[PDB]
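A single chain, nothing else alongside it, follows as structure tokens in the form deposited in one PDB entry.
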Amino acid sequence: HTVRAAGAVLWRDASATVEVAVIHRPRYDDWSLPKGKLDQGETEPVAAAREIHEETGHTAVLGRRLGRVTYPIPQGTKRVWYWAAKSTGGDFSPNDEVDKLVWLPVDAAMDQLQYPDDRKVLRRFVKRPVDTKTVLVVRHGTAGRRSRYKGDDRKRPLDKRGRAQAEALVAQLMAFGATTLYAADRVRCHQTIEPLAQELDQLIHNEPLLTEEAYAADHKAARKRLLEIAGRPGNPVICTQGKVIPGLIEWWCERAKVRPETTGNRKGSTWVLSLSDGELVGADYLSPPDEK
């Protein structure tokens, strides 16, 4: 009864001079935003990136989440999550669903879009900056129980499910154009982004200030380190622990007056922090890749 989809406001810098992509589908003779249904096991961001490529022929990097829409379809209810997405390459070619694509300034695109829920999404897009950089704060994957581990608990490794979460995070974090890697000084934090390190061929920088013990004793040192990592070129992944993340996220959202639409703290979850000129403009919580 409820069909789950994901899509994007794909934009390009025409010089940044923002134009957004609007696609035409012969089946309905309509103009809309690229989007499609989630495949089995696929997360919303991974589906959004795939649909951009399938419907527009562009590669893109997702940025800020633009909320969700719900509308009735003959089958019941369509529910779609949307992202801002910056084109990074490729080109349009016609496909089974799409015969035309136009690139328009936002005011012209608003007039071209015929569905109310697409115009609501485009309004969300123009409300805040879209040429953003992204900090990806990841809680390490499942690693069994402290109680049932003999050895230094710092060496406690991911369990099978956690190793699978770590593999599933590669497509999720590459959808946001991850480029640099940071982990708290715990094996289970490093192992979570080990698969991404191999995909990027990139080293993980160890972070002694971002462990639970270090955070609990010196919040301020951890906040300063987060802002320093965030200031460096690239889109950093920071993998840390359950008693660290809520504190850091809540502190930054209060300071920037940013209200997260979703929240949680599960093992394997990701916070997508969107920055524009050093200011937080979005804080998007993504469930673990193996959970709804």
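Throughout, rigid core stands for the largest set of C-alpha atoms superposing within 1.5 Å between the two forms. Start at 1 with the first residue shown and count on from there.
The following text describes the form deposited in another entry, which does not appear among the structures shown.
- Rigid-core fit between this form and the one not shown: of 221, 216, 126, 73, the one residue whose Cα shifts 2 angstroms or more is 73.
- When the rigid core is held fixed, the Cα atom of residue 150 travels 2 angstroms or more between this form and the one not shown.
- Annotation for the pair residue 162/residue 150: C-alpha atoms recede from each other in that other deposited form, by 3 Å or more compared with this form.
- A shift of at least 3 angstroms brings the Cα atoms of residue 150 and residue 216 nearer to each other in that other deposited form than in the displayed structure.
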